[PDB]
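Next up: a single chain in structure tokens, the form deposited in one PDB entry.
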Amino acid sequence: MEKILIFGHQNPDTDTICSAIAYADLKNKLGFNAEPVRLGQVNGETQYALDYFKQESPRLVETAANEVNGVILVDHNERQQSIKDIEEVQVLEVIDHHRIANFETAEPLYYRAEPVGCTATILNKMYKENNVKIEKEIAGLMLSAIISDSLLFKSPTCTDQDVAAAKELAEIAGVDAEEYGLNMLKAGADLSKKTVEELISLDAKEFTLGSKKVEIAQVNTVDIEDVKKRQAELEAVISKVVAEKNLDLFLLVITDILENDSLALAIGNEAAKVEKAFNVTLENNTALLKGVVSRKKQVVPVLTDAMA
């Protein structure tokens, strides 16, 4: 039975780790041969979930073509967010909830994207479609992904489907979603103890917006000022990445997850397009974005329109 690898994006988050584990479980329970893997270090929010539910971290890989011919992507599609040698393997399936870009196949495939708040909400439907029981620990990881992506049901990407899926999965997992979820989210927002290099990379994604090359990184914090007081250090590492990767823009979004507001720090030739996108004035490279917490819903679309 031909082996496949399943993985999410570079700089993995809880949905990218847990949705890879869950979809590999659904495949293997149906008699196939899948291994969930990861493309970077597990963050502290995800580690809390894996520890709580007694599950192992997926194996770390740098490339896939040395191992397999076919892969499945979860929680992303764009080539520059994926594994370094993505061109060298066949993408058999994608299960995702993002915009589509920089993604091509030579052959027909199973591509399933729904504009819901979490990839795991889609995988929940797929377990039921295939008459596979969800084990307690698997449901716990799927719940963890929904809580992470929805910021405990506060994010504007959260839908009635995500809420319903979380209710089902919390019951299967044997946990109170609010109590568990608060503890998990707090494990991820712990950060006056992280390097600025980690801050700008632990939830960074690259994009192309028209002709322009862009990186958008986000930090969950419970306090904007204990990030903002490090602006000189943040500018030094961000400017280095801008030069090395030839970026037109690096946008750091520092989100207060308990107030649902964000501070932007924008560096690069196209920093003024942030002003157009959010109707905002950059002063000393920053601006407050009130209400903005979602990169896929509230940052990527307007930044595209402003840049074009």
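Throughout, we count residues from 1 along the sequence that is shown.
**Student:** Regarding 153-161 and 188-196, which shows the higher C-alpha temperature factor on average in the entry?
**Tutor:** The stretch with the larger mean CA B-factor is 188-196.
**Student:** Which is higher on average in the deposited entry, the C-alpha temperature factors of 225-233 or of 109-117?
**Tutor:** Comparing 225-233 with 109-117, the higher average CA B-factor belongs to 225-233.
**Student:** By the record's CA B-factor, is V253 among the lowest, middle or highest third of residues in the chain?
**Tutor:** Middle third.
**Student:** Can you work out whether the C-alpha temperature factor of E171 puts it in the lowest, middle or highest third of the chain?
**Tutor:** According to the entry, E171 has a C-alpha B-factor in the chain's highest third.
**Student:** Which third of the chain holds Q41 when residues are ordered by C-alpha B factor: lowest, middle or highest?
**Tutor:** According to the entry, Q41 has a C-alpha B-factor in the chain's middle third.
**Student:** Sorting the chain's modelled residues by C-alpha B-factor, tell me whether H9 ends up in the lowest, middle or highest third.
**Tutor:** It belongs to the middle third of the chain when residues are ordered by C-alpha B-factor.
**Student:** Select lowest, middle or highest to describe the third in which the CA B-factor of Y180 falls within its chain in this entry.
**Tutor:** Highest third of the chain for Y180's C-alpha B-factor.
Separately, the form deposited in another entry exists; it is not shown, and the next lines address it.
**Student:** Which single option from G188, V237, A166, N124 is at the hinge, given the motion of the rigid parts between this form and the one not shown?
**Tutor:** Checking the domain motion between this form and the one not shown, the hinge sits at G188.
**Student:** Flagged pair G8/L289: C-alpha distance shifts by 3 angstroms or more in that other deposited form. Which direction, closer or farther?
**Tutor:** Distance between the C-alphas of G8 and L289: longer in that other deposited form, by 3 Å or more.
**Student:** Specify closer or farther for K212 and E104: how their Cα atoms are spaced in that other deposited form versus the shown form, given a shift of 3 angstroms or more.
**Tutor:** Note: Cα gap between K212 and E104 widens in that other deposited form.
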